[PDB]
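Undergrad: Input model_26.pdb, format and content: PDB, C-alpha atoms (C1' of nucleotides) and all ligand atoms.
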ATOM      1  CA  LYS D  92     -41.207 -38.259  42.702  1.00  0.00           C
ATOM      2  CA  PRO D  93     -41.373 -38.583  46.547  1.00  0.00           C
ATOM      3  CA  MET D  94     -38.982 -37.012  49.111  1.00  0.00           C
ATOM      4  CA  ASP D  95     -36.121 -39.256  50.346  1.00  0.00           C
ATOM      5  CA  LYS D  96     -34.152 -38.313  53.492  1.00  0.00           C
ATOM      6  CA  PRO D  97     -30.356 -38.641  52.892  1.00  0.00           C
ATOM      7  CA  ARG D  98     -29.541 -40.172  56.305  1.00  0.00           C
ATOM      8  CA  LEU D  99     -25.917 -39.833  57.479  1.00  0.00           C
ATOM      9  CA  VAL D 100     -23.841 -42.678  59.093  1.00  0.00           C
ATOM     10  CA  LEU D 101     -20.992 -41.907  61.566  1.00  0.00           C
ATOM     11  CA  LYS D 102     -17.671 -43.785  61.421  1.00  0.00           C
ATOM     12  CA  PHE D 103     -14.447 -43.670  63.522  1.00  0.00           C
ATOM     13  CA  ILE D 104     -10.825 -44.904  63.231  1.00  0.00           C
ATOM     14  CA  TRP D 105      -9.530 -46.390  66.483  1.00  0.00           C
ATOM     15  CA  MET D 106      -5.726 -46.023  66.781  1.00  0.00           C
ATOM     16  CA  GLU D 107      -3.525 -46.645  69.849  1.00  0.00           C
ATOM     17  CA  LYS D 108      -3.169 -43.034  71.147  1.00  0.00           C
ATOM     18  CA  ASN D 109      -5.472 -41.379  68.547  1.00  0.00           C
ATOM     19  CA  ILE D 110      -9.037 -41.596  67.122  1.00  0.00           C
ATOM     20  CA  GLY D 111     -10.264 -40.361  63.717  1.00  0.00           C
ATOM     21  CA  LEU D 112     -13.772 -39.286  62.600  1.00  0.00           C
ATOM     22  CA  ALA D 113     -15.669 -39.591  59.266  1.00  0.00           C
ATOM     23  CA  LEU D 114     -19.233 -39.304  57.877  1.00  0.00           C
ATOM     24  CA  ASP D 115     -21.203 -41.169  55.146  1.00  0.00           C
ATOM     25  CA  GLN D 116     -24.413 -40.319  53.223  1.00  0.00           C
ATOM     26  CA  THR D 117     -27.175 -42.865  52.550  1.00  0.00           C
ATOM     27  CA  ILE D 118     -29.981 -42.451  49.951  1.00  0.00           C
ATOM     28  CA  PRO D 119     -32.285 -45.316  48.725  1.00  0.00           C
ATOM     29  CA  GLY D 120     -31.008 -46.806  45.420  1.00  0.00           C
ATOM     30  CA  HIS D 121     -27.797 -44.714  45.602  1.00  0.00           C
ATOM     31  CA  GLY D 122     -26.503 -46.858  48.478  1.00  0.00           C
ATOM     32  CA  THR D 123     -23.799 -45.327  50.688  1.00  0.00           C
ATOM     33  CA  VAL D 124     -21.153 -42.796  49.551  1.00  0.00           C
ATOM     34  CA  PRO D 125     -18.471 -41.207  51.820  1.00  0.00           C
ATOM     35  CA  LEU D 126     -19.435 -37.646  52.921  1.00  0.00           C
ATOM     36  CA  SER D 127     -16.180 -36.776  54.733  1.00  0.00           C
ATOM     37  CA  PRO D 128     -12.629 -38.236  55.161  1.00  0.00           C
ATOM     38  CA  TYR D 129     -11.003 -39.242  58.494  1.00  0.00           C
ATOM     39  CA  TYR D 130      -9.874 -36.430  60.857  1.00  0.00           C
ATOM     40  CA  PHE D 131      -7.395 -37.561  63.546  1.00  0.00           C
ATOM     41  CA  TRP D 132      -7.972 -36.395  67.151  1.00  0.00           C
ATOM     42  CA  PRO D 133      -6.150 -35.079  69.279  1.00  0.00           C
ATOM     43  CA  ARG D 134      -3.589 -34.199  66.528  1.00  0.00           C
ATOM     44  CA  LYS D 135      -6.200 -32.323  64.391  1.00  0.00           C
ATOM     45  CA  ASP D 136      -9.519 -30.709  65.322  1.00  0.00           C
ATOM     46  CA  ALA D 137     -11.902 -33.571  64.519  1.00  0.00           C
ATOM     47  CA  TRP D 138     -15.365 -32.464  65.759  1.00  0.00           C
ATOM     48  CA  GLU D 139     -14.739 -28.885  64.548  1.00  0.00           C
ATOM     49  CA  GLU D 140     -13.706 -29.964  60.987  1.00  0.00           C
ATOM     50  CA  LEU D 141     -16.643 -32.471  60.890  1.00  0.00           C
ATOM     51  CA  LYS D 142     -19.249 -29.757  61.809  1.00  0.00           C
ATOM     52  CA  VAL D 143     -17.412 -27.243  59.472  1.00  0.00           C
ATOM     53  CA  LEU D 144     -17.777 -29.764  56.564  1.00  0.00           C
ATOM     54  CA  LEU D 145     -21.505 -30.238  57.526  1.00  0.00           C
ATOM     55  CA  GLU D 146     -21.991 -26.396  57.490  1.00  0.00           C
ATOM     56  CA  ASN D 147     -20.140 -25.944  54.115  1.00  0.00           C
ATOM     57  CA  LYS D 148     -22.704 -28.356  52.576  1.00  0.00           C
ATOM     58  CA  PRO D 149     -26.090 -26.490  52.423  1.00  0.00           C
ATOM     59  CA  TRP D 150     -28.170 -29.665  51.784  1.00  0.00           C
ATOM     60  CA  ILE D 151     -27.481 -30.933  55.362  1.00  0.00           C
ATOM     61  CA  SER D 152     -30.376 -29.956  57.686  1.00  0.00           C
ATOM     62  CA  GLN D 153     -29.639 -28.756  61.252  1.00  0.00           C
ATOM     63  CA  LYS D 154     -31.131 -31.923  62.871  1.00  0.00           C
ATOM     64  CA  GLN D 155     -28.977 -34.478  60.901  1.00  0.00           C
ATOM     65  CA  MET D 156     -25.825 -32.411  61.737  1.00  0.00           C
ATOM     66  CA  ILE D 157     -26.683 -31.946  65.498  1.00  0.00           C
ATOM     67  CA  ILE D 158     -27.435 -35.737  66.025  1.00  0.00           C
ATOM     68  CA  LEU D 159     -24.050 -36.802  64.444  1.00  0.00           C
ATOM     69  CA  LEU D 160     -22.250 -34.033  66.435  1.00  0.00           C
ATOM     70  CA  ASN D 161     -23.917 -35.346  69.696  1.00  0.00           C
ATOM     71  CA  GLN D 162     -22.915 -39.053  69.199  1.00  0.00           C
ATOM     72  CA  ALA D 163     -19.414 -37.978  67.901  1.00  0.00           C
ATOM     73  CA  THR D 164     -19.042 -35.771  71.070  1.00  0.00           C
ATOM     74  CA  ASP D 165     -20.066 -38.855  73.184  1.00  0.00           C
ATOM     75  CA  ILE D 166     -17.346 -40.959  71.407  1.00  0.00           C
ATOM     76  CA  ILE D 167     -14.625 -38.185  71.762  1.00  0.00           C
ATOM     77  CA  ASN D 168     -15.556 -37.923  75.516  1.00  0.00           C
ATOM     78  CA  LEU D 169     -15.516 -41.787  75.791  1.00  0.00           C
ATOM     79  CA  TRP D 170     -12.014 -41.862  74.201  1.00  0.00           C
ATOM     80  CA  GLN D 171     -10.836 -38.985  76.504  1.00  0.00           C
ATOM     81  CA  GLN D 172     -12.196 -40.901  79.556  1.00  0.00           C
ATOM     82  CA  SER D 173     -10.100 -44.004  78.603  1.00  0.00           C
TER      83      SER D 173
ATOM     84  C1'   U K   1      23.736-137.192   4.408  1.00  0.00           C
ATOM     85  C1'   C K   2      18.035-135.345   7.405  1.00  0.00           C
ATOM     86  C1'   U K   3      18.126-133.369  12.715  1.00  0.00           C
ATOM     87  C1'   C K   4      20.959-131.049  16.580  1.00  0.00           C
ATOM     88  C1'   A K   5      24.521-128.171  17.755  1.00  0.00           C
ATOM     89  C1'   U K   6      26.554-121.432  17.456  1.00  0.00           C
ATOM     90  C1'   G K   7      30.656-123.742  22.048  1.00  0.00           C
ATOM     91  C1'   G K   8      36.279-126.006  25.025  1.00  0.00           C
ATOM     92  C1'   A K   9      42.891-122.452  21.154  1.00  0.00           C
ATOM     93  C1'   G K  10      47.559-122.095  23.504  1.00  0.00           C
ATOM     94  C1'   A K  11      52.863-120.018  24.857  1.00  0.00           C
ATOM     95  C1'   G K  12      57.439-119.422  27.637  1.00  0.00           C
ATOM     96  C1'   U K  13      60.283-121.624  31.926  1.00  0.00           C
ATOM     97  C1'   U K  14      64.042-127.324  35.249  1.00  0.00           C
ATOM     98  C1'   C K  15      67.933-130.602  30.623  1.00  0.00           C
ATOM     99  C1'   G K  16      73.973-131.158  26.914  1.00  0.00           C
ATOM    100  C1'   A K  17      69.545-132.754  24.282  1.00  0.00           C
ATOM    101  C1'   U K  18      64.457-135.919  24.910  1.00  0.00           C
ATOM    102  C1'   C K  19      59.790-137.701  27.034  1.00  0.00           C
ATOM    103  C1'   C K  20      56.930-137.004  31.482  1.00  0.00           C
ATOM    104  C1'   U K  21      55.135-135.425  36.552  1.00  0.00           C
ATOM    105  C1'   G K  22      54.850-130.695  38.428  1.00  0.00           C
ATOM    106  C1'   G K  23      54.522-125.630  39.943  1.00  0.00           C
ATOM    107  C1'   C K  24      55.213-120.262  38.523  1.00  0.00           C
ATOM    108  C1'   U K  25      54.071-116.738  34.559  1.00  0.00           C
ATOM    109  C1'   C K  26      51.222-114.737  30.189  1.00  0.00           C
ATOM    110  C1'   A K  27      47.361-113.828  26.401  1.00  0.00           C
ATOM    111  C1'   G K  28      40.677-112.768  27.804  1.00  0.00           C
ATOM    112  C1'   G K  29      36.654-110.724  30.347  1.00  0.00           C
ATOM    113  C1'   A K  30      34.730-107.457  34.485  1.00  0.00           C
ATOM    114  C1'   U K  31      34.808-103.239  37.835  1.00  0.00           C
ATOM    115  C1'   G K  32      30.745 -98.496  42.792  1.00  0.00           C
ATOM    116  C1'   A K  33      37.681 -98.629  40.921  1.00  0.00           C
ATOM    117  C1'   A K  34      42.451 -95.353  42.060  1.00  0.00           C
ATOM    118  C1'   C K  35      46.921 -93.210  39.809  1.00  0.00           C
ATOM    119  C1'   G K  36      49.899 -91.297  35.239  1.00  0.00           C
ATOM    120  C1'   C K  37      49.680 -88.880  30.422  1.00  0.00           C
ATOM    121  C1'   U K  38      46.195 -86.786  27.138  1.00  0.00           C
ATOM    122  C1'   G K  39      41.574 -84.752  26.512  1.00  0.00           C
ATOM    123  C1'   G K  40      35.948 -81.638  21.413  1.00  0.00           C
ATOM    124  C1'   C K  41      30.693 -82.785  21.698  1.00  0.00           C
ATOM    125  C1'   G K  42      26.145 -85.141  22.758  1.00  0.00           C
ATOM    126  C1'   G K  43      22.637 -89.477  24.628  1.00  0.00           C
ATOM    127  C1'   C K  44      21.575 -92.643  29.091  1.00  0.00           C
ATOM    128  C1'   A K  45      23.474 -94.135  33.701  1.00  0.00           C
ATOM    129  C1'   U K  46      26.880 -93.736  38.169  1.00  0.00           C
ATOM    130  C1'   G K  47      29.196 -91.081  42.364  1.00  0.00           C
ATOM    131  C1'   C K  48      32.342 -92.255  51.214  1.00  0.00           C
ATOM    132  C1'   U K  49      33.681 -99.758  49.564  1.00  0.00           C
ATOM    133  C1'   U K  50      37.484 -96.595  54.733  1.00  0.00           C
ATOM    134  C1'   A K  51      35.507 -94.263  60.666  1.00  0.00           C
ATOM    135  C1'   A K  52      27.595 -97.571  62.624  1.00  0.00           C
ATOM    136  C1'   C K  53      33.970 -91.399  63.623  1.00  0.00           C
ATOM    137  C1'   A K  54      32.581 -86.470  65.123  1.00  0.00           C
ATOM    138  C1'   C K  55      29.168 -82.575  63.728  1.00  0.00           C
ATOM    139  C1'   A K  56      28.731 -75.365  63.048  1.00  0.00           C
ATOM    140  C1'   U K  57      24.380 -73.363  59.843  1.00  0.00           C
ATOM    141  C1'   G K  58      19.702 -74.012  57.072  1.00  0.00           C
ATOM    142  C1'   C K  59      15.669 -77.003  55.615  1.00  0.00           C
ATOM    143  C1'   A K  60      13.457 -82.706  55.773  1.00  0.00           C
ATOM    144  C1'   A K  61       5.518 -83.788  59.095  1.00  0.00           C
ATOM    145  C1'   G K  62       1.915 -81.683  59.413  1.00  0.00           C
ATOM    146  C1'   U K  63      -2.853 -80.441  58.538  1.00  0.00           C
ATOM    147  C1'   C K  64      -8.662 -79.560  60.173  1.00  0.00           C
ATOM    148  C1'   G K  65     -12.108 -72.672  62.213  1.00  0.00           C
ATOM    149  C1'   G K  66     -17.500 -77.301  58.685  1.00  0.00           C
ATOM    150  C1'   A K  67     -15.537 -80.354  66.866  1.00  0.00           C
ATOM    151  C1'   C K  68     -14.723 -76.019  70.440  1.00  0.00           C
ATOM    152  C1'   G K  69     -14.261 -71.742  73.785  1.00  0.00           C
ATOM    153  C1'   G K  70     -11.725 -67.699  73.405  1.00  0.00           C
ATOM    154  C1'   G K  71      -8.333 -62.689  71.336  1.00  0.00           C
ATOM    155  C1'   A K  72      -6.190 -59.976  67.118  1.00  0.00           C
ATOM    156  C1'   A K  73      -6.049 -57.833  62.515  1.00  0.00           C
ATOM    157  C1'   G K  74      -8.705 -54.645  60.109  1.00  0.00           C
ATOM    158  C1'   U K  75     -14.141 -52.933  58.999  1.00  0.00           C
ATOM    159  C1'   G K  76     -17.706 -49.283  61.060  1.00  0.00           C
ATOM    160  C1'   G K  77     -18.897 -51.778  64.322  1.00  0.00           C
ATOM    161  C1'   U K  78     -20.959 -59.430  65.197  1.00  0.00           C
ATOM    162  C1'   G K  79     -23.181 -57.269  57.340  1.00  0.00           C
ATOM    163  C1'   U K  80     -17.516 -58.914  55.182  1.00  0.00           C
ATOM    164  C1'   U K  81     -13.212 -61.562  56.121  1.00  0.00           C
ATOM    165  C1'   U K  82      -8.843 -63.022  57.790  1.00  0.00           C
ATOM    166  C1'   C K  83      -5.023 -64.942  60.681  1.00  0.00           C
TER     167        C K  83
HETATM  168 MG    MG Y 201      66.284-131.864  37.144  1.00  0.00          MG
HETATM  169 MG    MG Y 202      69.247-124.434  29.869  1.00  0.00          MG
HETATM  170 MG    MG Y 203      50.212-130.263  34.381  1.00  0.00          MG
HETATM  171 MG    MG Y 204      43.802-107.806  31.469  1.00  0.00          MG
HETATM  172 MG    MG Y 205      43.618 -82.905  33.703  1.00  0.00          MG
HETATM  173 MG    MG Y 206      29.287 -96.798  54.981  1.00  0.00          MG
HETATM  174 MG    MG Y 207      21.869 -77.645  63.765  1.00  0.00          MG
HETATM  175 MG    MG Y 208      10.093 -75.678  54.051  1.00  0.00          MG
HETATM  176 MG    MG Y 209     -12.007 -70.325  56.485  1.00  0.00          MG
HETATM  177 MG    MG Y 210      -7.451 -71.887  56.526  1.00  0.00          MG
HETATM  178 MG    MG Y 211     -15.224 -82.097  60.645  1.00  0.00          MG
HETATM  179 MG    MG Y 212     -19.385 -63.933  60.077  1.00  0.00          MG
END
Kindly present the structure from the file in structure tokens form.

TA:
Amino acid sequence: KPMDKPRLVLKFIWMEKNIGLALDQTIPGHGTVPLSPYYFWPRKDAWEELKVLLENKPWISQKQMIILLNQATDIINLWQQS
RNA sequence: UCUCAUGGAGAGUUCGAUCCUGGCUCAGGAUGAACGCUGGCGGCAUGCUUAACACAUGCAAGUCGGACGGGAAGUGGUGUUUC
């Protein structure tokens, strides 16, 4: 049995005045399963609840969490710029 | 006495009576019928003949994304699919 890396995919919900955030997990043969539900920014703390859900799960390595937090920070800053 | 024929009826009224010419009237069918009285059901039909007179409202001709450029719904994104 080899070692498969459960790579995580980042998703967003684009609303008029709001934007939500969610994460998925991907393993070979297991396909894709949702890791986290959609958190609506600015109304809720989206990046904070996403990284809190990635910390509560011990099987997420620091690198996979920090990459998704970097591109999700780039999308929250891109929404805030608009 | 083979064959064809499945078809044609009258009545009252002019005269004191009659025969005739002659009109009127009636008995029969048919309705895209109307009105009156009365009206239980089913089957198949029929239903502005008058003003080709006016029209409130709603519907009666669209379809093709496999001609085509686009944008708008979602989706995580041009992998899916819709309008
Ligand atoms: Mg006379
Ligand atoms: Mg007399
Ligand atoms: Mg005569
Ligand atoms: Mg008759
Ligand atoms: Mg009646
Ligand atoms: Mg007419
Ligand atoms: Mg009209
Ligand atoms: Mg219609
Ligand atoms: Mg189609
Ligand atoms: Mg179509
Ligand atoms: Mg064609
Ligand atoms: Mg396509």

Undergrad: Can you list, as a list in words, the residues that the PyMOL selection byres (((not hetatm)) within 10 of (chain Y and resi 211)) selects here?

TA: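 For this structure, the PyMOL selection byres (((not hetatm)) within 10 of (chain Y and resi 211)) resolves to residues 64, 66 and 67 of chain K.
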
Undergrad: Evaluating the PyMOL selection byres ((chain D) within 9 of (chain K)) on the displayed file yields which residues, as a ChimeraX atom specification?

TA: /D:101-104

Undergrad: Quick one: residues within 12 Å of range 161-170 of chain D, all atoms listed in the file, excluding same-chain residues fewer than 3 positions away - as a PyMOL selection string?

TA: chain D and resi 100-114+130-133+136-139+141-142+154-158+173

Undergrad: Using all atoms listed in the file, what does the table of chain K residues within 9 Å of ligand MG 212 (chain Y) look like, with each row giving the shortest atom pair and its distance in Å to one decimal, sorted by chain and ascending number, as CSV?

TA:
residue,atom,partner,partner_atom,distance
K:78,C1',Y:MG212,MG,7.0
K:79,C1',Y:MG212,MG,8.1
K:80,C1',Y:MG212,MG,7.3
K:81,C1',Y:MG212,MG,7.7

Undergrad: Around range 42-61 of chain K, fit a box with edges along x, y and z, padding it by 8 Å on each side, then list its centre and edge lengths in Å to one decimal as AutoDock Vina command-line options.

TA:
--center_x 21.5 --center_y -86.6 --center_z 43.9 --size_x 48.0 --size_y 42.4 --size_z 58.4

Undergrad: Any idea what's packed within 12 Å of range 29-36 of chain K, counting all atoms listed in the file, ignoring anything in its chain fewer than 5 positions away? Could you give it as a PDB file with C-alpha atoms (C1' of nucleotides), keeping the file's coordinate frame?

TA:
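Once everything was written out, this is out_10.pdb:
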ATOM      1  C1'   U K  46      26.880 -93.736  38.169  1.00  0.00           C
ATOM      2  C1'   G K  47      29.196 -91.081  42.364  1.00  0.00           C
ATOM      3  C1'   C K  48      32.342 -92.255  51.214  1.00  0.00           C
ATOM      4  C1'   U K  49      33.681 -99.758  49.564  1.00  0.00           C
TER       5        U K  49
END

Undergrad: Might you pull out every residue within 12 Å of residue 10 in chain K, with all atoms listed in the file counted and same-chain residues fewer than 2 positions away left off, and present them as a PyMOL selection string?

TA: chain K and resi 12+26-27

Undergrad: For residue 97 in chain D, find every residue with an atom within 10 Å (counting all atoms listed in the file), except residues of its own chain fewer than 6 positions away, and show them as a list in words.

TA: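 Here the answer would be residues 115, 116, 117, 118, 119, 121, 123, 150, 151, 152 and 155 of chain D.
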
Undergrad: Can you write just those residues out, C-alpha atoms, as an mmCIF file, in the frame of the given file?

TA:
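Okay, again20.cif is ready:
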data_model
loop_
_atom_site.group_PDB
_atom_site.id
_atom_site.type_symbol
_atom_site.label_atom_id
_atom_site.label_comp_id
_atom_site.auth_asym_id
_atom_site.auth_seq_id
_atom_site.Cartn_x
_atom_site.Cartn_y
_atom_site.Cartn_z
ATOM 1 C CA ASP D 115 -21.203 -41.169 55.146
ATOM 2 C CA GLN D 116 -24.413 -40.319 53.223
ATOM 3 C CA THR D 117 -27.175 -42.865 52.550
ATOM 4 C CA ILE D 118 -29.981 -42.451 49.951
ATOM 5 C CA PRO D 119 -32.285 -45.316 48.725
ATOM 6 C CA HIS D 121 -27.797 -44.714 45.602
ATOM 7 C CA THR D 123 -23.799 -45.327 50.688
ATOM 8 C CA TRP D 150 -28.170 -29.665 51.784
ATOM 9 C CA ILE D 151 -27.481 -30.933 55.362
ATOM 10 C CA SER D 152 -30.376 -29.956 57.686
ATOM 11 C CA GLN D 155 -28.977 -34.478 60.901
#

Undergrad: Please compute the CA of residue 127 in chain D-CA of residue 172 in chain D distance, one decimal, in Å.

TA: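 Computing it gives 25.5 Å between the two atoms.
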
Undergrad: I'd like a table as a Markdown table: residues in chain K with an atom no more than 12 Å from ligand MG 203 (chain Y), each row giving the shortest atom pair and its distance in Å to one decimal, all atoms listed in the file counted, sorted by chain and rising residue number.

TA:
| residue | atom | partner | partner_atom | distance |
| --- | --- | --- | --- | --- |
| K:20 | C1' | Y:MG203 | MG | 9.9 |
| K:21 | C1' | Y:MG203 | MG | 7.5 |
| K:22 | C1' | Y:MG203 | MG | 6.2 |
| K:23 | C1' | Y:MG203 | MG | 8.4 |
| K:24 | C1' | Y:MG203 | MG | 11.9 |

Undergrad: Starting from the PyMOL selection byres (((not hetatm)) within 10 of (chain Y and resi 205)), expand the selection into actual residues of this file and give them as a PDB file with C-alpha atoms (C1' of nucleotides), in the coordinates of the input.

TA:
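Writing done, so here's out_37.pdb:
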ATOM      1  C1'   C K  37      49.680 -88.880  30.422  1.00  0.00           C
ATOM      2  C1'   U K  38      46.195 -86.786  27.138  1.00  0.00           C
ATOM      3  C1'   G K  39      41.574 -84.752  26.512  1.00  0.00           C
TER       4        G K  39
END

Undergrad: Rebuild range 123-135 of chain D to N, CA and C atoms - output it as an mmCIF file, keeping the file's coordinate frame, please.

TA:
data_model
loop_
_atom_site.group_PDB
_atom_site.id
_atom_site.type_symbol
_atom_site.label_atom_id
_atom_site.label_comp_id
_atom_site.auth_asym_id
_atom_site.auth_seq_id
_atom_site.Cartn_x
_atom_site.Cartn_y
_atom_site.Cartn_z
ATOM 1 N N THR D 123 -24.586 -46.158 49.775
ATOM 2 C CA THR D 123 -23.799 -45.327 50.688
ATOM 3 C C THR D 123 -22.557 -44.774 49.977
ATOM 4 N N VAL D 124 -22.340 -43.463 50.098
ATOM 5 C CA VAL D 124 -21.153 -42.796 49.551
ATOM 6 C C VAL D 124 -20.481 -41.989 50.681
ATOM 7 N N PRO D 125 -19.127 -41.992 50.755
ATOM 8 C CA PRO D 125 -18.471 -41.207 51.820
ATOM 9 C C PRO D 125 -18.708 -39.683 51.726
ATOM 10 N N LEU D 126 -19.194 -39.091 52.821
ATOM 11 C CA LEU D 126 -19.435 -37.646 52.921
ATOM 12 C C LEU D 126 -18.147 -36.895 53.264
ATOM 13 N N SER D 127 -17.399 -37.427 54.233
ATOM 14 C CA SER D 127 -16.180 -36.776 54.733
ATOM 15 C C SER D 127 -15.059 -37.799 54.995
ATOM 16 N N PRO D 128 -13.783 -37.380 54.832
ATOM 17 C CA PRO D 128 -12.629 -38.236 55.161
ATOM 18 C C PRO D 128 -12.373 -38.344 56.674
ATOM 19 N N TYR D 129 -11.289 -39.014 57.073
ATOM 20 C CA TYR D 129 -11.003 -39.242 58.494
ATOM 21 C C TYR D 129 -10.101 -38.149 59.098
ATOM 22 N N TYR D 130 -10.619 -37.470 60.128
ATOM 23 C CA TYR D 130 -9.874 -36.430 60.857
ATOM 24 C C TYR D 130 -9.347 -36.974 62.192
ATOM 25 N N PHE D 131 -8.032 -36.891 62.407
ATOM 26 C CA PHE D 131 -7.395 -37.561 63.546
ATOM 27 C C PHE D 131 -7.283 -36.670 64.790
ATOM 28 N N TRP D 132 -8.042 -37.023 65.825
ATOM 29 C CA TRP D 132 -7.972 -36.395 67.151
ATOM 30 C C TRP D 132 -6.964 -37.183 68.011
ATOM 31 N N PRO D 133 -6.253 -36.515 68.952
ATOM 32 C CA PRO D 133 -6.150 -35.079 69.279
ATOM 33 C C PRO D 133 -5.348 -34.228 68.276
ATOM 34 N N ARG D 134 -4.541 -34.874 67.428
ATOM 35 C CA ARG D 134 -3.589 -34.199 66.528
ATOM 36 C C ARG D 134 -4.196 -33.107 65.614
ATOM 37 N N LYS D 135 -5.445 -33.308 65.184
ATOM 38 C CA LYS D 135 -6.200 -32.323 64.391
ATOM 39 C C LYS D 135 -7.537 -32.042 65.079
#
